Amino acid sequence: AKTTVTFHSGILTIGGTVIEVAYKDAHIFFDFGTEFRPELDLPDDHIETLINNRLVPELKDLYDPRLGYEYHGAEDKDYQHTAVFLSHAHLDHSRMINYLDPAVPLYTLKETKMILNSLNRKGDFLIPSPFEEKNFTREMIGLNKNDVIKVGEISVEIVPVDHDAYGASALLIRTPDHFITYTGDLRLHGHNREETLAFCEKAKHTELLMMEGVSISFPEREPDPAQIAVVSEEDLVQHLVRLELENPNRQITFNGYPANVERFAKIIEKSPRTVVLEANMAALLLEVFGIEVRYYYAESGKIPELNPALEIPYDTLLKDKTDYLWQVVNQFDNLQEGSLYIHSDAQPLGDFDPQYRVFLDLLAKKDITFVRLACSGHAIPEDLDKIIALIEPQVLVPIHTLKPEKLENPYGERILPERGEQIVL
């Protein structure tokens, strides 16, 4: 019996990787986001629209049957055992999980499940199921680090990896004759570089390494004068500390991306000023780490989990110049003239986003100093080579990359996949 790997989706685009691994009457898929084509505008996210525009692949007996999607393609086998794995919460990996057949199990590390359910609290993160409330998120089996799931004779180990989404993982996949590896997204300069290192050791000598190539997709730009050069998550927080100590009499605010829970945690740990977060961010922190931080509501109502005594009125935050570092998420027109705002991988992400310019223009008019304090979730080009060096893959498959030819395997062979391609091991 053959082990077949199929590259259904996500090729030559950063987002929407969907790979199938099949053996006998079992098959697994990972991940489950959609592709994004910024030059395309679509009126909706209906499955047919996504299919017709090639943003999701044609798949047999995987999408929720109630959607009324009819599979057409070459697939001629029925499977007794099916499962889907999710490397991490980021949109380009998770966006369509609500379209996954409820009967098919969906596996992820438990922290990813927490993150995602919070990202999707308003139902504008994930595509809604048309058969549930807009903010419904489908079931996920939250797993522990290094758990092994058996799907027929396929064995999948879910291994934690360092990425700017907390709970990020890689997959080590075994059938009786083969051992292959899917990196997910990863880096060596984050909060837990040793998890990536431990992953490489587990991945050593894998027959087929399916590896991201995000950082090599974009040529090094000319230095942004608004940007501090940051070399690690730890370095990022030291810079934030420095920025606070240089500005003892001044409103200081910041924002980050909520999936990076550990960055928020670290800021809280080291910030000379008392940190105050938006309530939903505080609640996520409490859920994931048991950390209780001061907070303000940017919405009406109450989150029951939060201690009412830790609430700071928004009105009080707006007046502060000495006591708080607080997370600003909207109403930027209320910040003080001459204040400091630290943009730490929050949206708008960068100049590829038309909102980025308008945001910076708004801040400028208010004489608010804007500081870009970014730290990539992705392995820098050097570290990508180091990861390959530590693993020594027999065959390397670049994925999640606009320049797969730049990713080299000194240790063996390389396959540059195209959409729909099957590799028979």
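All residue numbers refer to positions in the sequence shown, first residue = 1.
Peer 1: Of 359-367 and 28-36, which one has the bigger average CA B-factor?
Peer 2: Taking the mean C-alpha B-factor of 28-36 and of 359-367, the larger value falls to 359-367.
Peer 1: As stated in the PDB record, which stretch has the larger average Cα B-factor, 200-208 or 182-190?
Peer 2: Stretch with the higher mean C-alpha B-factor: 200-208.
Peer 1: In terms of CA temperature factor as recorded, identify the highest of 79, 296, 85, 254.
Peer 2: So the option with the highest C-alpha B-factor is 79.
Peer 1: Can you pull the Cα B-factors for 235, 133, 139, 92 from the entry and say which is highest?
Peer 2: Comparing C-alpha B-factors across 235, 133, 139, 92, the top value belongs to 133.
Peer 1: According to the PDB entry, is the CA B factor of residue 225 in the bottom, middle or top third of its chain, that is, lowest, middle or highest?
Peer 2: Highest third.
Peer 1: Please place residue 378 in the lowest, middle or highest third of its chain according to the CA B-factor in the PDB entry.
Peer 2: Lowest third.
Peer 1: Sorting the chain's CA B-factors, does residue 216 end up in the lowest, middle or highest third?
Peer 2: It belongs to the highest third of the chain when residues are ordered by C-alpha B-factor.
Peer 1: Among all modelled residues of this chain, ranked by Cα B factor, put residue 348 in the bottom, middle or top third, i.e. lowest, middle or highest.
Peer 2: Middle third - that is where residue 348 ends up once the chain's C-alpha B-factors are sorted.
Peer 1: Sorting the chain's modelled residues by C-alpha B-factor, tell me whether residue 316 ends up in the lowest, middle or highest third.
Peer 2: Middle third - that is where residue 316 ends up once the chain's C-alpha B-factors are sorted.
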